[PDB]
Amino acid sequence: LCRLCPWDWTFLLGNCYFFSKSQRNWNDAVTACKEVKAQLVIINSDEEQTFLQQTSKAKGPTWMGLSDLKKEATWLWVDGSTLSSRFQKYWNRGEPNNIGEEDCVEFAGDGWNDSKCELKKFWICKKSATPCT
């Protein structure tokens, strides 16, 4: 009867998140989320970052939909929006480093790293949920 998210996706605050069980490079992951009409995960709330951060820690490193592939040092979400000042706090100390060599962002432990996009990692999709009358 009342189903908020696709089967095996988790509901959180009006959206549905899918946690990959396997690992892929950054671009593939984008493609993988695209294939289910979703986006490699974009963060725009702290409750979200807290929920996503904890899941990832139990699995391991996990890609999010953030990168500076358009322009070194500028960090864009796949929807084109710029990284907000309110989120810089999520960088781990010593991150981001290796600018121009590590162009994609991952959850790592308790914060974000930038990394070689070529590496395979777990990933996460996000799309909007569907209500119940």
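Numbers for residues come from their place in the sequence shown, where the first is 1.
> Out of 36-44 and 67-75, which stretch has the higher average CA B-factor listed in the record?
Replying inline: 67-75 has the higher mean C-alpha B-factor.
> Which one, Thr50, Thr82, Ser56, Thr31, has the peak C-alpha temperature factor per the PDB entry?
Replying inline: Spelled out: the listed residue with the top C-alpha B-factor is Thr82.
> C-alpha B factor of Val105, ranked within the chain: lowest, middle or highest third?
Replying inline: For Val105, whose C-alpha B-factor we compare with every modelled residue in the chain, the answer is the middle third.
>> Which third, lowest, middle or highest, does the C-alpha temperature factor of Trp91 belong to within its own chain?
In response: CA B-factor rank for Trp91: lowest third.
> Against its chain's modelled residues, does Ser115's Cα B factor rank lowest, middle or highest third?
Replying inline: Highest third of the chain for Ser115's C-alpha B-factor.
> Sorting the chain's CA B-factors, does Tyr17 end up in the lowest, middle or highest third?
Replying inline: Middle third - that is where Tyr17 ends up once the chain's C-alpha B-factors are sorted.
> Which third of the chain does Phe11 land in by C-alpha B-factor: lowest, middle or highest?
Replying inline: According to the entry, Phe11 has a C-alpha B-factor in the chain's middle third.
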